[PDB]
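Trainee: kindly return the folded structure for what I paste below:
(chains A and B, ligands or ions: 6)
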Protein chains: 2
Amino acid sequence: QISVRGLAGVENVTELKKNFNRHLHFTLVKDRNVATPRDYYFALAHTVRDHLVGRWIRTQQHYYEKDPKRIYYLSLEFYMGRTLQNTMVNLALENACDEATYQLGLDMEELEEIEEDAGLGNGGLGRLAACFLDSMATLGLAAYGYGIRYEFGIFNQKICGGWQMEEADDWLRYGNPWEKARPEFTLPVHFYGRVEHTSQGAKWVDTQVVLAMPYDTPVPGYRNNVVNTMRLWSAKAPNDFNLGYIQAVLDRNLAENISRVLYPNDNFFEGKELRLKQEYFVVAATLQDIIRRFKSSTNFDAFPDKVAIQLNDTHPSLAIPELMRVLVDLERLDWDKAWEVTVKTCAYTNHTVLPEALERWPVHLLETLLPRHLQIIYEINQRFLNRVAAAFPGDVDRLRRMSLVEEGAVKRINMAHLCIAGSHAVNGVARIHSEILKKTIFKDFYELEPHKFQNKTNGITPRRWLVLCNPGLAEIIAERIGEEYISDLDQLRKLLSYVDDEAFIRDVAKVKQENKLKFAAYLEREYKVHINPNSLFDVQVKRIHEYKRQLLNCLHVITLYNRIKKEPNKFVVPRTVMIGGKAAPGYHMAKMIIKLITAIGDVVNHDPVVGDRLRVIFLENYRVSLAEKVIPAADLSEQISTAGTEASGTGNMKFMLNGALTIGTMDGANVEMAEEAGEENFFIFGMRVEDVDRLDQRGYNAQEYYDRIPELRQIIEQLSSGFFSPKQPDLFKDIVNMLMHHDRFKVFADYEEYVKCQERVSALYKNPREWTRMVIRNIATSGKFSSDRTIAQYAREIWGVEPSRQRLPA
Amino acid sequence: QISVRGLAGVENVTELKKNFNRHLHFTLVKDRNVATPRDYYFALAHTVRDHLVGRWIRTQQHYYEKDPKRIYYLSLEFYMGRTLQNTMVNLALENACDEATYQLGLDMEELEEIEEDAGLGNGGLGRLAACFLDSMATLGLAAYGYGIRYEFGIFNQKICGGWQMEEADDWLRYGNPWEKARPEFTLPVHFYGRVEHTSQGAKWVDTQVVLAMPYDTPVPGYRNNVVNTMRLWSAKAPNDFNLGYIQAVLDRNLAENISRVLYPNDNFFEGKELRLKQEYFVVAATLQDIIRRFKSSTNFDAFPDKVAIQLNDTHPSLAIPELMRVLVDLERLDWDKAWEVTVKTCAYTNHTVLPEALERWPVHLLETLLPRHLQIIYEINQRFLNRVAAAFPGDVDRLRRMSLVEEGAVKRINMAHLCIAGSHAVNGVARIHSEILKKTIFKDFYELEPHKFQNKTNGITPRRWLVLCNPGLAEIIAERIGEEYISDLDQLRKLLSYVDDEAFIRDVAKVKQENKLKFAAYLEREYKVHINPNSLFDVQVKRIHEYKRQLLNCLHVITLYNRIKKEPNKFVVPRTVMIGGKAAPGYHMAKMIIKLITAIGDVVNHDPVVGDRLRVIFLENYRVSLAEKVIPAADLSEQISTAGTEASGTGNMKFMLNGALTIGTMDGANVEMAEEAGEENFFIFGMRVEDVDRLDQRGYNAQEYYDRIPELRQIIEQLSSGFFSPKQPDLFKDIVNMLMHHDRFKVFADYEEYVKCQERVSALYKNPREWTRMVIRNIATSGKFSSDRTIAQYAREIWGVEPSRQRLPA
Ligand SMILES: N[C@@H]1[C@@H](O)[C@H](O)[C@@H](CO)O[C@H]1c1nc(-c2ccc3ccccc3c2)c[nH]1
Ligand SMILES: N[C@@H]1[C@@H](O)[C@H](O)[C@@H](CO)O[C@H]1c1nc(-c2ccc3ccccc3c2)c[nH]1
Ligand SMILES: N[C@@H]1[C@@H](O)[C@H](O)[C@@H](CO)O[C@H]1c1nc(-c2ccc3ccccc3c2)c[nH]1
Ligand SMILES: N[C@@H]1[C@@H](O)[C@H](O)[C@@H](CO)O[C@H]1c1nc(-c2ccc3ccccc3c2)c[nH]1
Ligand SMILES: *Cc1c(COP(=O)(O)O)cnc(C)c1O
Ligand SMILES: *Cc1c(COP(=O)(O)O)cnc(C)c1O
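Mentor: Numbering: from 1, shown residues only, chains lettered A, B, ... in the order given. Ligands and ions are numbered 1, 2, ... in the order given. Sharing the structure here:
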């Protein structure tokens, strides 16, 4: 049908049809009289998976023979989403599979909808890891992703009476056709025990053992025949575990709980023993695997020439002391040599400055669970602080600030400090964030070791986030500039020569309109909700958080409602305001925000004076598969975090690529997006980081804004008096109290500029030609935000390897 | 190589080789450079499984179209063993697969050894269910086996310091290629709650729900292209289960523990809540499946014409009140009609008379777990006792004895009484056992309803227990009488015409000798133990139990040892005494018996005066796969339970078929074996049932035997004084105390006759020609003990269906 989806040759289609019927019969044990759509999805998934196998085997053989430097990307989260379509795109099979299924009387798009998201992450951090795997494979790097195979991923969100309810995400119920269990490469992981000091070093003894069983998932590159591996560990009890009899067998669950469930907190640290077990589990199994693979090529001097370990935040930080443990206690290297190897091997990416998101583990937990690791951490600390004292003699406060060990009623280990000490490179994830790291929280470390600190601005893969989710847009671009941009996104700059081309303007607007109609129909079918597809689609999708300021969006929505009610016969640009995202189950204020959004909807959506001029929809169960539907449909992207709080953002980039304009603060990567597109093509508002600092120095007083802005005062009086909760008038008093007295994120301070900026958006939307021209200028300059660019920078500036666009033989 | 293993046609072999390589590549994702023997086993298993698929689909289609009466065999245990070889035998693929693997450079026998036993049973009862499935498929019956898919089957036994240690049987670790998950046919099962009485009947409300997810395993018939289904249920929590958040997800284990582990007690009742949950789980899921399938053909009058439910002992007895619950509470039938349907549908097989093995559930457990079922049981009881009172007016003691409810400090439900009341047929499992049921424990029930009581003597499948495990014997028989005996075992009678044939005599003895050499080599390789393969192989393999009298065997072994030490230069027929079997983990005396056996071995096997004239070996981890190796190698089968205690036995039959002679009491099926072979061709000894009763009436005094038999007194003095435990002289005092003062099984009473009978065995073994002639007379008359015979009797006399030997089209 469309060119970017590849060729549908007669031979190919015939072979796909025969293999589909083979899998239906032999693999699924069904005939066509009793097969359901789910059976047809599985038969297609098996058919496509068969095409990965030869390439996967050949890729791994090639790495064994060439012995390149291996890159190990360690993460507690990989937010993969669905695999079927991505696999077809990367192998150029989409049109052939479409034709083959069409000839069998099946709609492939319907089959695709049956697949479960692999939801093994919370949001941006996990999704970044997934985009990175795609880019590493596309760039020909010998890269492995290592994590945990959680039995339950991020919970499914249901909304009942306007409140979030959580349900277990039983994503493996029907099986996962994309993983291959490798029980033969099972490895032991140790916990508890005690340390004995002998004549020949320390020995960690009397430990409890849990087995780590790997499951491997293929990661195909874009049309290069490279297939890399994501290896996820699952916890198994040994067979003599606890071995009256029945109870001992049932108690195997205590060991196997390690891999049961993903902790569901985005950008928030909860110091629970089970989480620490998860972190050590992934690190200990992974490092044995790395060392095994290295020895199958005595001399650990070459280790950093053959291995890079990238730490995705501090969550796998125990890799540093574990590597030291293995090298010193088991391989018998002297400390200094082991440390040199460790530092040259490890690199740390920081993804946040919010203090509540930083990992600080109580010493008593480490003492009980990982006694040898605590000893090694103390030794690292003493040697590190000796260097600090020599560089800054007499600066006793600096010694306190830089210590890996934090004093207090409860002593804690600061894992970020451990990662900086033990890594040759430390990076932030957008320019402003990397600058903040050097000026504020890691200033002391930067002064000691300036060379370590880098920036690597985040990116997104244009395979999933353009070609897969928005084929109409991909195609109209391809008609003008060819297909090379899909793995060289900077070529989108060529689109600036079409900004005055009437046909291109029309086609861009047509694709957006089609995406909007398709999304409006999805809403009616799956959720019984009717929306005006001529309205401006104003979208804020991301995890629910005070710092992301969904509440600021709420204040604007109420402002618009109140203006309509005041002058009902005045024209206003119609909007559909969509907000979606999950709240962490224990985050009370985030749950109250969701309830407020639905409560605003209940009033606005049923007021006959408003009509279809304003609709407020809470998008339930926001996840990767829903992002793929809503982002191509959006007109306006809301990226409105308080300046200095969003390290990067990546949703922002997804919207830019897909033909939405952005309303945003100068925060995270929004700064760089505005620089690439031109500030004139971006709706910038609000305090900059410097303005926030100036307010903090004199003291934020929310009452001042309330006293000076009548429209704001009206909204607060409506919230307080029960206008949005008539049956429970005090329902929102915690929200009001927070905004008035302890708002860390200064919602009122950006209100006036936000409302004014939103009026400029509405003014531009009235002129569809100029709106669309601005869109073209955004899409055209989005190339910097490819994760291919990001990964090439990691490769050259951190890992010391060269990317390659060359194809392996098919 | 050998004819009974089928044809190895060039086309067939070529296709097997290509499909093997296809599975190695696409299914296992290995190439031949990194493949292990386990990978090669899996590639072969997938290759063979492919041949089952078309037949499985076509068989189930055929039952849908013809709509025959369906037979549902409900059991808590199915002791299947390995599947690969059995599948090849039943599809006539063994020689082709042998050739195909040989041409790939692989030894198929080595690959077969990699497969795990499916050990989902304890012993005889579970293995009987497995033989029955094989026979039902071979006889063309529309039969389904229903049970529980335990994650952990019967424990693996290790012997450490002569003591049994248990290890979890993690049989699913590497995957099970023979099951197909059917998550689409998942059904809810209810627990706890309470009963509300409304205008329109009782309602069971406020229940906890557990999901039952079926896994289907194919059951191929012998060369008839029939493939039946074994459906095993696995427990899953619903997704809103318990839905802080993390703990709620982890607590899903409470629901899923239902299918975690097989209770490891053979012929012993333990009244634990988890076991009751297991029993209800299997029954509730199964009955919904049965009713669904019946409705897809209002009128439950035809239910018993389309459905038979066979209860494998009382373990699935809750099927009776569950069927009543569904018909009365959900379908709204009147009680009397529902009861008529239930009785005509259900039949009960009793497998034991030992009082400790009978299920008697405390009322308080049923009250809490299954409140509606308890109400229905009380109503059944009241109506049943009303019939008793009308038939036997004034017989108040009979009312007490026959009640389903037992009075006491703790009220209990007698499940056997429930099964008799609710079934149209009740059978025992050997003639003597069925007679005992009518004269003793069910006498009252027999007097009320004589027509219900039947006998169905047990059997074994000659596919697994001759063709599979002893191909050499199968072949020499086939050379004389053809291949038809494999599904018509009565044809073995034709072998009586070869009892004087010198060539046949030689060939029978040669096969035994080859089996003995092969087993002696297995022992050296896997266990570092050397045995004389010219010695008489004296074998007792079965679960360890006081009633089975491994202790009587021990007394004979010590007797032989003491006789040798007394007259060391006298000739004795050399023996290797092998004893094997698992003890239930909580059964202290059974564990002490194992320790005694190994302790006897430690003395006997290292006494240089004994030499290789006597060896005592404890066979570790006795299971179905080990039975297949040791039984073909045995000369003497020990079947020495106290008369009246072994309901049938089936090991006895396996040994008869494989060319061992039997030393045994007149107990269970031994009686019928002796009748078929002639008493002159059997080594019968000991008390008959009547002699045991006469001893019980005057009182068993073990001291009398001790005082009168010097050889027995010497053994007891050796046990007591520490001769077999020099480091711990009192180690065996519990055994001595039991034998002298509270032996329920009268070991001393059969000692003298047992020793004398063993001397007759040794005398016959000295004359190999006459030994072998007696063997031929046993093999020749073993035909009655085919499970095909047993199943044809169930079919005609209980289920009302006709067996068929006709082939479905291939
Ligand atoms: N049998 C298991 C199932 O237990 C399950 O659905 C899953 C492993 O948990 O994958 C299945 C399985 N998958 C493969 C397989 C074969 C080829 C592959 C190629 C690419 C990616 C995955 C593959 C998995 C073999 N077995
Ligand atoms: N908020 C940033 C985004 O601004 C950023 O775009 C994204 C990818 O760099 O990483 C997100 C991020 N996520 C976390 C995060 C995720 C899970 C956690 C679990 C436990 C403790 C801390 C966690 C922090 C830290 N930073
Ligand atoms: N993928 C699962 C794995 O999760 C696992 O090894 C097992 C189900 O638990 O069987 C695998 C599986 N087996 C089949 C399959 C196909 C044809 C069959 C024919 C006969 C018997 C079993 C069959 C199983 C499909 N999937
Ligand atoms: N001992 C007999 C054998 O003599 C007989 O050959 C076999 C098959 O009929 O059934 C055995 C049998 N096994 C049980 C048994 C098995 C498991 C149990 C689990 C819980 C409670 C009672 C149980 C009884 C009862 N009877
Ligand atoms: C991209 C993405 C995120 C990150 O969005 P931000 O706006 O950067 O927080 C979160 N969740 C999902 C499902 C995503 O696809
Ligand atoms: C046949 C068999 C049994 C039953 O043997 P009995 O001697 O009848 O108790 C027990 N276990 C296994 C593994 C079997 O094959």
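Trainee: from ligand 1, how far off is the closest residue to ligand 5 within chain A?
Mentor: Of all residues in chain A, residue A:651 sits closest to ligand 5, with a separation of 2.6 Å (Cβ to the nearest ligand atom). From N, CA and C alone the C-beta is placed, and that goes for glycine too. In this view, residue A:651 and ligand 1 are 29 Å apart by Cβ to the nearest ligand atom, to the nearest Å.
Trainee: give me the number of residues near that residue?
Mentor: The number of residues packed around residue A:651, counting by other Cβ atoms under 10 Å in any protein chain shown, is 24.
Trainee: likewise residue A:768?
Mentor: One way to gauge burial is a neighbour count; for residue A:768, by other Cβ under 10 Å, it gives 12.
Trainee: ok, back up a step: quick one, what contacts the residue nearest to the residue of chain A closest to ligand 5 when sequence neighbours are not counted?
Mentor: Closest residue to residue A:651 apart from its sequence neighbours, by Cβ to Cβ, 6 or more residues apart in numbering or on different chains: residue A:542 at 5.4 Å. Shown here is residue A:542, whose contacts under the criterion Cβ atoms under 8 Å, 6 or more residues apart in numbering or on different chains are A:123, A:124, A:548, A:581, A:622, A:651.
Trainee: now swap in residue A:445 and tell me
Mentor: Taking Cβ under 8 Å, 6+ apart as the definition of contact, the neighbours of residue A:445 are A:402, A:417, A:420, A:426, A:452, A:453.
Trainee: also residue A:358?
Mentor: By Cβ under 8 Å, 6+ apart, the residues touching residue A:358 are A:269, A:314, A:352, A:414, A:415, A:416.
Trainee: highest neighbour count among the residues you listed?
Mentor: residue A:314 (27 neighbours).
Trainee: return the set of buried residues in stretch A:468-486.
Mentor: Applying a neighbour-count criterion of 16 or more other Cβ atoms under 10 Å in any protein chain shown, one finds A:468-478, A:485-486 buried in stretch A:468-486.
Trainee: after the longest helix along chain A, which helix or strand is next?
Mentor: Longest among the helix segments of chain A by residue count, using DSSP state H, is helix A:37-66. Along the chain past helix A:37-66, the next helix or strand (assigned with DSSP states H and E) turns out to be strand A:70-74.
Trainee: using CSV, write down the CA coordinates of that following strand.
Mentor: Included here for strand A:70-74 are C-alpha records, laid out as CSV according to Å, rounded to 0.1, in the frame of the first residue of the first chain:
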residue,chain,number,x,y,z
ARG,A,70,31.0,-5.3,24.2
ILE,A,71,28.6,-2.7,25.6
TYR,A,72,26.5,-3.8,28.6
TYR,A,73,23.5,-1.5,29.3
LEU,A,74,22.3,-2.3,32.9
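Trainee: thinking residue A:673 is in contact with residue A:783, fair?
Mentor: No - the criterion here is Cβ atoms under 8 Å, and residue A:673 misses it with residue A:783 at 11.5 Å.
Trainee: returning to what we had before: in the longest helix of chain A, what's buried?
Mentor: For helix A:37-66, a neighbour-count test (16+ other Cβ under 10 Å) marks A:39-60, A:63 as buried.
Trainee: show me what that helix is packed up against.
Mentor: Counting contacts by 3 or more Cβ pairs under 8 Å, 6 or more residues apart in numbering or on different chains; DSSP states H and E, helix A:37-66 packs against helix A:10-22, helix A:84-90, helix A:94-103, helix A:108-112, strand A:208-220, strand A:227-236.
Trainee: that one near ligand 1 at all?
Mentor: Yes - for a cut-off given as Cβ under 6 Å from any ligand atom, helix A:37-66 has contacts with ligand 1, namely A:49, A:52, A:53.
Trainee: and which of these is nearest residue B:9?
Mentor: Distance to residue B:9, by Cβ to Cβ, is smallest for residue A:53 among the residues of helix A:37-66 next to ligand 1, at 30.0 Å.
Trainee: hmm, residue B:29 and that closest one touching each other?
Mentor: Yes - A contact is recorded between residue A:53 and residue B:29 when judged using Cβ under 8 Å, the distance being 5.8 Å.
Trainee: what residues does the helix or strand hosting residue A:562 touch?
Mentor: Residue A:562 is part of helix A:550-566 when elements are defined by DSSP H and E. Taking contacts as Cβ under 8 Å, 6+ apart, the residues outside helix A:550-566 that touch it are A:540, A:544, A:572, A:575, A:577, A:579, A:581, A:593, A:596-597, A:600, A:603-604, A:607, A:609-610, A:613-614, A:616, A:638, A:640, A:711-712, A:714-715, A:718, A:735, A:739, A:747, A:750-751, A:754-755, A:758.
Trainee: C-alpha coordinates for it, PDB please?
Mentor: The C-alpha trace of helix A:550-566 is given here as PDB (Å, rounded to 0.1, in the frame of the first residue of the first chain):
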ATOM      1  CA  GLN A 550      -0.900  18.700  35.500                       C
ATOM      2  CA  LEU A 551      -2.400  21.100  38.200                       C
ATOM      3  CA  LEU A 552      -1.300  24.100  36.200                       C
ATOM      4  CA  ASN A 553      -3.100  22.600  33.100                       C
ATOM      5  CA  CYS A 554      -6.200  22.100  35.300                       C
ATOM      6  CA  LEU A 555      -6.100  25.800  36.300                       C
ATOM      7  CA  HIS A 556      -6.100  26.800  32.600                       C
ATOM      8  CA  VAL A 557      -9.000  24.500  31.800                       C
ATOM      9  CA  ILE A 558     -11.100  26.000  34.600                       C
ATOM     10  CA  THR A 559     -10.100  29.500  33.500                       C
ATOM     11  CA  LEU A 560     -11.500  28.700  30.000                       C
ATOM     12  CA  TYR A 561     -14.700  27.200  31.400                       C
ATOM     13  CA  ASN A 562     -15.200  30.300  33.600                       C
ATOM     14  CA  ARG A 563     -14.600  32.600  30.600                       C
ATOM     15  CA  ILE A 564     -17.200  30.700  28.500                       C
ATOM     16  CA  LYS A 565     -19.700  30.900  31.300                       C
ATOM     17  CA  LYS A 566     -19.100  34.700  31.700                       C
END
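Trainee: helix or strand right after that helix?
Mentor: Sequence-wise, the next helix or strand beyond helix A:550-566 is strand A:575-580, with elements assigned using DSSP H and E.
Trainee: got the CA positions of that next one in PDB?
Mentor: Extracted C-alpha coordinates of strand A:575-580, given in PDB (Å, rounded to 0.1, in the frame of the first residue of the first chain):
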ATOM      1  CA  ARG A 575     -10.500  22.400  22.400                       C
ATOM      2  CA  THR A 576     -10.400  18.800  23.500                       C
ATOM      3  CA  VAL A 577      -8.100  18.700  26.600                       C
ATOM      4  CA  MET A 578      -6.800  15.300  27.100                       C
ATOM      5  CA  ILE A 579      -4.700  14.400  30.200                       C
ATOM      6  CA  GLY A 580      -3.400  10.900  31.000                       C
END
